[PDB]
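**Student:** whatever this is, show me its structure:
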Amino acid sequence: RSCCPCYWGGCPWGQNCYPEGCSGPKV
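**Tutor:** Numbering: from 1, shown residues only. What follows is the structure:
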């Protein structure tokens, strides 16, 4: 799934779907 991990919400295999939640919803 895209959306990079929280700490790294700006990674290559994803976007910033975890800017304020390491386990919230997708974004």
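
**Student:** so residue 11 touches residue 17, yeah?
**Tutor:** No. Under the criterion of CB atoms under 8 Å, residue 11 makes no contact with residue 17, lying 10.5 Å away. Just so you know, the C-beta spots here come from the backbone N, C-alpha and C atoms, and that holds for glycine as well.

**Student:** neighbour count: those two, which is higher?
**Tutor:** Neighbour count, other CB atoms under 10 Å: between residue 11 and residue 17, residue 17 has more, with 17 against 13.

**Student:** if we ignore the residues flanking it in sequence, what's nearest the more buried one?
**Tutor:** Computed as CB to CB, 6 or more residues apart in numbering, the closest residue to residue 17 that is not its neighbour in sequence is residue 3, at 2.9 Å.

**Student:** what sits against that neighbour?
**Tutor:** For residue 3, the contacting residues are 9, 14-18, 26-27, by CB atoms under 8 Å, 6 or more residues apart in numbering.

**Student:** name only those of those residues that count as buried.
**Tutor:** 9, 14, 17-18 (16 or more other CB atoms under 10 Å).

**Student:** so the closest residue to residue 22 other than its chain neighbours is in which element?
**Tutor:** Leaving aside its chain neighbours, residue 22 sits nearest to residue 6 (3.7 Å; criterion: CB to CB, 6+ apart). Secondary structure assignment for residue 6, by DSSP states H and E: no helix or strand.

**Student:** is it true that residue 6 touches residue 21?
**Tutor:** Yes. Using CB under 8 Å, residue 6 is in contact with residue 21, at 6.5 Å.

**Student:** more crowded one of those two?
**Tutor:** More crowded of residue 6 and residue 21, by other CB under 10 Å: residue 6, with 15 against 12.

**Student:** which ones are touching that one?
**Tutor:** Applying CB under 8 Å, 6+ apart, the residues contacting residue 6 are 18-19, 21-23.
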